Structures are given as C-alpha cells and as structure tokens.
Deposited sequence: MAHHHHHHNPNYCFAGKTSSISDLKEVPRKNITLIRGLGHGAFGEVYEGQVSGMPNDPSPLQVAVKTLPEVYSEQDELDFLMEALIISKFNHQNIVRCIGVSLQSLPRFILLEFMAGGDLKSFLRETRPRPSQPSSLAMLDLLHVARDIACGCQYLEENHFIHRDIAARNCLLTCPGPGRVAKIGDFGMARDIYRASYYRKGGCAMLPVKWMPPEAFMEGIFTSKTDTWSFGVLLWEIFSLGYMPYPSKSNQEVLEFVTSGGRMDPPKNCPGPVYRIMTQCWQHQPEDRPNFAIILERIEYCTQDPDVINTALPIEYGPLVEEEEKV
C-alpha cells in the first residue's frame, strides 16, 4: 500500500482507522457522482463508495483520498471518521455536512420575493472567511489544493450557525497518485493551464473565482463562455465583472486574486485580513443581495 507525507509525518493506508462494516447503516442517497450516502455509525456520517466495477488504479486513488483527508487537522476541513475497507464496496466515512455543497446551497437559498432576507452579505463573507481559513491552513502546510471551487465546499447546516469547510480533494489526490475537458480551467490561473505550474498562488487565483461564485449566489463563472473562450479571454487580460450588487471592497479582493503574475497575488493571510475588513464595513454588510423573479 502507498505512502503519503504531510507536515513532518509519513503515513500508510494501513494507518486508516477501520470501521467494522456491521456498525454502518446506509440511510439514503445524497445525489451520487462513485456514490455518496448519508449514514450512521450514534454518529451521523457521509459515506463515499468505491464502485466495485472500478479497477486497480482507482482503488488506490480512492484510499489515497481518505489518507490525505485523515492527516489534516483543521476546523474548516471536513473530518474523516475512518474507512471500511475489509468489505466490498469500499467505504470512506466523512463528517456529515447537513447543509450540503456550497454551490447548491447558494442556488437554493437565493433571496426570493417571499424570503428576501434569507441570506445577507454577512453570511456570504463568513462562508468566504471559513474557506480562506482552510486555504491558509493548506498554504502554511505546503499543500496545494488545485481545485478550490464552490462545488467542493460543504456547509455544516442551512441556518445562521453554518460553518463552511473544504470537502473534496480528488484533484490533489490525482496529481499525487484524465483529460482536457475535465480540467477546471475556469478556476485556473494562466501559468496553471498554460504551463501546468501549480503553487499556493494557484489556489489564490481559484479562491478569487470562488469569491465570485459566492457573491453571484451560485452562478457558473464566466457565464456564456466556454472553457476555450475563457482560456483565451483570461490569457488576454480579460477578467469577470462584479457579481450583481457586489460591494467594491469584495470585488477588489477578486481582482487582486486574479493578478496575471503569481507573485502579485496575495497569500491567504492577506486575503483573510481583507475579508475581515469587509465584515467591519457597514457599507458592505448592509448591501442588499439581488432577488430573482
């Protein structure tokens, strides 16, 4: 079995905490991709399954992801409860995030003529703060996520106490051990998609796009552009306009995240400071979010 190194320590799949199959119950499907369920171990879990029809490479990839997540220790990264590997299909057990993924949440929770104050600017800033905090943790432990995006973030619950966490590490796992049309190029900086260069400044760019996802309330980035057009657009200096009703201080963070040169972009410590200043500015957090009719 493969070895993984994070922080100063080196681990092995054998080190994954095994949960006996008999203690695990599958309650319902959670919209599968492999399949994902809500489960109980009483501990409420999310269960990620490895399809049995998959081969050998996928099997190691699958466990590698549990190993990667298991070695993190931070409040804004989803916890791995353990694995169940001594029965088919293979299970990975994760902290259950009742709020679901961030993109769906945003789309489904957009203020309406009936619920105009469902979400406010401060809620968005706190989600952005949560994830920036997870990213800072990754950056200072020299881990590059490579796929920061709303679809890969989770919320603890729907309501006001919600905490956002980074949840999917499949891209990081892949590069660790494939096609053009499966690369998240709309979240990637030029040096990333042109040269395959990835640094912590790679994630800073992606976080800027996520910001935009957050303050658009779940729109797909670069609306009405294809990947190839975005690639040519961004390479040419093109950048997205502000989401609707987006305060200038928030947009300004996005545009700094999208500086063409990696060394001109902020590290996550700087992004956090700037996000916190936004939570202090009444002209930011008193701004009304748009309503779709």
Counting from 1 along the deposited sequence, give me every gap where there's no C-alpha, start to finish.
-> 1-8, 42-43, 52-59, 196-201, 318-327
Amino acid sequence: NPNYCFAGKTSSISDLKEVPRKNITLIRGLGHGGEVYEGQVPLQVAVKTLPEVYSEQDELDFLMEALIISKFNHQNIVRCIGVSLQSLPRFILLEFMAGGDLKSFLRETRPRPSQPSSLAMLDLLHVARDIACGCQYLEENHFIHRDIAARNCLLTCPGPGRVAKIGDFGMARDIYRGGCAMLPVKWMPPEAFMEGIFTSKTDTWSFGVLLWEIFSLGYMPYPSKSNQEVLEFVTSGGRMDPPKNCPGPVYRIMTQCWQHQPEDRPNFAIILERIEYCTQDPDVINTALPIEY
From here on, numbers count along this sequence of modelled residues.
Which of the two stretches, 124-132 or 83-91, shows the higher mean Cα temperature factor in the record?
-> 83-91
Where do the C-alpha atoms have the higher mean temperature factor in this entry, in 247-255 or in 57-65?
-> 57-65
Note to self: of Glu263, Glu229, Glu52, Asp241, the C-alpha temperature factor tops out at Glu52
Based on the PDB entry, the highest CA temperature factor among the options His145, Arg162, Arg177, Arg151 is that of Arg177
If you rank every modelled residue in this chain by C-alpha B factor, which third holds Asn267: lowest, middle or highest?
-> lowest
Relative to the other modelled residues of the same chain, rank the CA B-factor of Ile214 and answer lowest, middle or highest third.
-> lowest
By the record's CA B-factor, is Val185 among the lowest, middle or highest third of residues in the chain?
-> middle
Ranked C-alpha temperature factor of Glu108 among modelled chain residues, by third | highest
Consider only the C-alpha atoms of the modelled residues in this chain, order them by B-factor as the entry records it, and name the third containing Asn76: lowest, middle or highest.
-> lowest
